[PDB]
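Contents: one structure, followed by commentary.
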Amino acid sequence: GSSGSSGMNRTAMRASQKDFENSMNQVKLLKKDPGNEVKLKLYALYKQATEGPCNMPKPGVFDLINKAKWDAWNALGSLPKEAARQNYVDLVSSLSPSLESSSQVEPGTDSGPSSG
C-alpha cells in the first residue's frame, strides 16, 4: 500500500494559472543544474496543462531527445490539466525553499444574455 510519510494536506488549495506562470519562470531563473531528470518532469506537466494527455506518436530510438520527453509526458497518462498545473508548480516550489504563494483573483463582472 502507498501513502504519505509526514502528512499530505490540501486545505482546498489549488494552483492557478498565475502560480504556474511564476513556477515555470523560476525554473529558468535558476543558475543551478539539477539534471535532465527534472528538466523533463517540468515539461511533462506543461504539455499536460496545455495539451492534455500524451496523444503524440512514439518517437524513434535514434531520437533520444524526443523519446526522453515522450516518456515524461506519457507517464502522466490521463492526467487532467487542472491537476497537471498543480503538479508543475508543486515541483518548482520543492526546489526553492522560500516562496510567497500570492493567490489572488478578481470576481469580475459577467454579461447578461441580451440581443439588439
- Task: Subtracting the Cα-Cα distance from 0.36 nm times the residue separation, let me have the gained length for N74 to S115 in nm, one decimal.
- Result: 10.2 nm
- Item | Options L76, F62, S98, ranked by Cα towards positive dipole end of the chain, top entry (Cβ charges) | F62
- Note on the structure: Taking alpha-carbon centroids only, region 83-105 lies from region 63-78 a number of Å equal to 23
- At each listed q (0.16 Å⁻¹), what is the log10 of I(q)/I(0) that the Debye formula gives for the chain modelled as equal alpha-carbon point scatterers? -0.88
- Once both labels are modelled 7 Å past Cα along the beta-carbon direction, what's the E37-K18 spacing in nm? 3.4
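May I ask you to derive the relative contact order of the chain, considering only C-alpha pairs under 8 Å and at least 6 residues apart, and to give it as an integer percent? Mind showing how you got there, number by number?
Details: 95 pairs, mean separation 39.2, N = 116.
Over the chain, the number comes to 34 percent.
Can you give the charge dipole size of the chain about its Cα centre, rounded to the nearest 20 debye, using +1 on the beta carbon of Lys and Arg and -1 on the beta carbon of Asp and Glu?
On the way: 14 positive and 12 negative charges, 70 e Å.
It works out to roughly 340 debye.
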- Kyte-Doolittle mean at least 0.5 and Cα axial length at least 24 Å: DSSP H helices in the chain: none
- Task: Report the full-extension gain for the segment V105 to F62: residue separation times 0.36 nm, less the Cα-Cα distance, to one decimal in nm.
- Result: 10.9 nm
- Task: Holding the Cα-Cα limit at 26 Å, pick out from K31/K58; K28/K67; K18/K58; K28/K69 the pairs that are longer than that.
- Result: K31/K58; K18/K58
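Values quoted throughout were computed directly from the atomic coordinates according to the rules given, and no laboratory measurement underlies them. We place every Cβ from the backbone using ideal geometry, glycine too, and count neighbours over all the protein chains shown.
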